[PDB]
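Novice: Quick check, what structure comes out for this input:
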Amino acid sequence: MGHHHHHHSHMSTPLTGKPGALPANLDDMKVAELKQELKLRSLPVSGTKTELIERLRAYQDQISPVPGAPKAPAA
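Specialist: Numbering: from 1, shown residues only. Below you will find the coordinate block:
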């Protein structure tokens, strides 16, 4: 009913589902493209593109040993 096998028709998104990092082209992608990673990587798609990129960054940052960024665990 909900999750049926439907490939994202308008896809300018890379062929990836669950990576351990981020593509350096986040801002060049679109809202739905970013949401592809979000919904697959267990991230809420609620917000603006601004939030989406930052939210991806935070979910990436918990994997990164970088001390100069806002770190966030799982939710």
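
Novice: From here on, just use CA atoms for contacts and neighbour counts.
Specialist: Noted.

Novice: biggest helix in this protein by residues?
Specialist: helix 49-61 (DSSP state H).

Novice: Could you give the separation of that one from the chain centroid?
Specialist: 7 Å (Cα atoms, centre = their mean, to the nearest Å).

Novice: Buried residues of stretch 43-56, list them for me.
Specialist: For stretch 43-56, a neighbour-count test (16 or more other Cα atoms under 10 Å) marks 43, 45, 49, 52, 53, 55, 56 as buried.

Novice: Of all pairs in the residues you listed, which one is the farthest apart?
Specialist: 43 and 49 (13.3 Å; Cα to Cα).

Novice: Check the buried residues of stretch 43-56 against residue 62 and report the nearest one.
Specialist: residue 56 (10.3 Å).

Novice: surely the closest one meets residue 38?
Specialist: Yes: applying Cα atoms under 8 Å as the test, residue 56 and residue 38 come out as touching, 7.1 Å apart.

Novice: which one among the buried residues of stretch 43-56 gets closest to residue 71?
Specialist: Looking across the buried residues of stretch 43-56 and measuring by Cα to Cα, the closest to residue 71 is residue 55, at 10.5 Å.

Novice: which one is that closest one nearest to, not counting chain neighbours?
Specialist: Nearest residue to residue 55, sequence neighbours excluded (Cα to Cα, 6 or more residues apart in numbering): residue 43, at 7.7 Å.

Novice: In terms of helices and strands, where is that neighbour?
Specialist: Assigned by DSSP states H and E, residue 43 belongs to neither a helix nor a strand.

Novice: again, but for residue 36
Specialist: Per DSSP H and E: helix 31-40 holds residue 36.

Novice: In that helix, which residues are buried?
Specialist: 31, 32, 33, 34, 35, 36, 37, 38.
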